[PDB]
Amino acid sequence: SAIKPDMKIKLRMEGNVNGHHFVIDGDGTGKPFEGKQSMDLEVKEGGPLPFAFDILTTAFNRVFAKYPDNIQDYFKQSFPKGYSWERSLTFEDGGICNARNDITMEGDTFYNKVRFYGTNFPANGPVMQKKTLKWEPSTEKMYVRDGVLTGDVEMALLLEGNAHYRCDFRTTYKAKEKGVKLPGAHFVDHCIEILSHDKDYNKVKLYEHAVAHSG
């Protein structure tokens, strides 16, 4: 009821990876009930980025997921006040990232305040050498841990030379308003894709389709 079938999205990300500082703006639209969104991104400071753009893409909102009637939708029930999430990303060669997003809504627009910090990526590894191609489609497991809604996903970045580079996500999600009821455990399938880009990934168009289910 707060959430319309078509919503606009505004975003700013600030961050630092291996010491490199950057600022990225996003402008997008999506369909919350169909689980589809896309976004145009533009690096404003720090470009051309010296690391694989792909590590950032899942930090650029689980409101855009199709939920069936039989699973409580914690994210759509969080609005208009909104919610926040914090994520750790643990890569198999020791790279580590922490990201957060604080999401608010004004009228027909979501605003996103995103922070992304990464460290310990080996200078000779696929992230700093820009050898990544895409994330594989994934399944996030949603459950409650110590009273907090938690999503785990085992992610894989396809690399040049048909190898995958693995990363474990853990995200915690918290409604701003007390007493939004927690859902039962469930799954969210995701597919995220870079649809287009320019030479050094200073301008990128991103898309995600996500669908909640019970297994």
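Position 1 is the first residue of the sequence, and the numbers go up from there.
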N-O pairing of [X] and [Y] below 4.0 Å:
X: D54; Y: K134; answer: no
X: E86; Y: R100; answer: yes
X: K31; Y: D6; answer: yes
X: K141; Y: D152; answer: no
X: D108; Y: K4; answer: no
X: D25; Y: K44; answer: yes
X: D102; Y: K113; answer: no
X: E92; Y: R166; answer: no

Which distance, rounded to the nearest 0.5 Å, do you find between the [atom1] of [X] and the [atom2] of [Y]?
X: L149; Y: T172; atom1: CG; atom2: OG1; value: 9.0 Å
X: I24; Y: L56; atom1: CD1; atom2: CG; value: 5.0 Å
X: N120; Y: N18; atom1: CG; atom2: CG; value: 7.5 Å
X: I103; Y: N61; atom1: CD1; atom2: CG; value: 3.5 Å
X: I192; Y: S38; atom1: CD1; atom2: OG; value: 11.0 Å
X: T57; Y: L41; atom1: OG1; atom2: CG; value: 9.5 Å

Would [X] and [Y] show up in the same hydrophobic cluster when neighbours are defined by side-chain heavy atoms closer than 4.5 Å?
X: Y165; Y: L133; result: no
X: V144; Y: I71; result: yes
X: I55; Y: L159; result: yes
X: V211; Y: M142; result: no
X: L158; Y: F91; result: no

Open item on the list: Tell me whether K66 at atom NZ has more than 12 heavy atoms from other residues, nucleotides or ligands lying less than 6.0 Å away.
Closed with: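 Counting other residues, nucleotides and ligands, NZ of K66 stays at 12 neighbours or fewer.
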Open item on the list: Please determine whether the number of non-hydrogen atoms from other residues, nucleotides or ligands lying under 6.0 Å from atom CG of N162 exceeds 12.
Closed with: no
TODO: Would you sort out whether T90 and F169 count as a side chain to side chain contact (heavy atoms under 4.5 Å, CB included), showing the intermediate values?
DONE: CA-CA 7 Å; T90 309; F169 283 13; over 6 Å; no
Residue pair [X] / [Y]: nearest heavy atoms and the distance that separates them:
X: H186; Y: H213; answer: CB-O, 3.7 Å
X: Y83; Y: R62; answer: OH-N, 3.0 Å
X: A59; Y: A99; answer: CB-CB, 4.4 Å
X: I9; Y: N112; answer: CG2-ND2, 3.4 Å
X: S88; Y: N98; answer: CB-ND2, 3.6 Å
X: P32; Y: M7; answer: CG-CG, 3.7 Å

Test your reading of the model: is there a side-chain donor-acceptor pair from [X] to the backbone of [Y], 3.5 Å cut-off?
X: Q129; Y: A123; value: yes
X: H190; Y: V188; value: yes
X: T150; Y: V148; value: yes

TODO: Could you walk me through whether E14 and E45 pass side chain to side chain contact (heavy atoms under 4.5 Å, CB included), step by step?
DONE: CA-CA 9 Å; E14 294 176 35; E45 300 186 10; over 6 Å; no
Heavy-atom distance under 4.5 Å between the side chains of [X] and [Y], does that happen here?
X: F33; Y: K76; result: yes
X: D93; Y: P126; result: yes
X: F60; Y: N101; result: no
X: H20; Y: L49; result: no
X: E136; Y: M155; result: no

Task: Listed partners of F51 passing ring pair (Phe, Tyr, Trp, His ring centres under 6.0 Å), at least two apart - done: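 Scan of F51 (ring pair (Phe, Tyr, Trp, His ring centres under 6.0 Å), adjacent residues dropped) gives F22.
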Task: ring pair (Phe, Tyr, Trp, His ring centres under 6.0 Å) against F116, all qualifying residues, sequence neighbours excluded - done: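 Checked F116 against ring pair (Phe, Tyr, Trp, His ring centres under 6.0 Å); zero matches.
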Open item on the list: Ignoring hydrogens and geometry beyond distance, is a side-chain donor-acceptor pair present between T58 and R87 at under 3.5 Å?
Closed with: yes
Open item on the list: Is it true that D189 and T139 share a donor-acceptor pair across their side chains at a distance under 3.5 Å?
Closed with: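 Short answer, yes.
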Open item on the list: Could you check whether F64 and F75 have their ring centres less than 6.0 Å apart?
Closed with: no
TODO: Apply side chain to side chain contact (heavy atoms under 4.5 Å, CB included) to the pair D27 and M39, showing each step before the final yes or no.
DONE: CA-CA 6 Å; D27 174 67; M39 182 171 296; 5.9 Å; no
Open item on the list: Using the rule given for side chain to side chain contact (heavy atoms under 4.5 Å, CB included), can you reason through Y207 versus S196, listing the C-alpha separation, both sets of side-chain angles and the distance that settles it, and then say yes or no?
Closed with: CA-CA 10 Å; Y207 172 82; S196 63; over 6 Å; no
Task: Quiz item: cation-pi between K130 and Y201, 6.0 Å / 45° - done: no
Open item on the list: One pair to check against ring pair (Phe, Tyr, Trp, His ring centres under 6.0 Å): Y173 and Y74. What are the steps and the verdict?
Closed with: CA-CA 9 Å; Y173 297 100; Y74 185 75; 8.0 Å; no
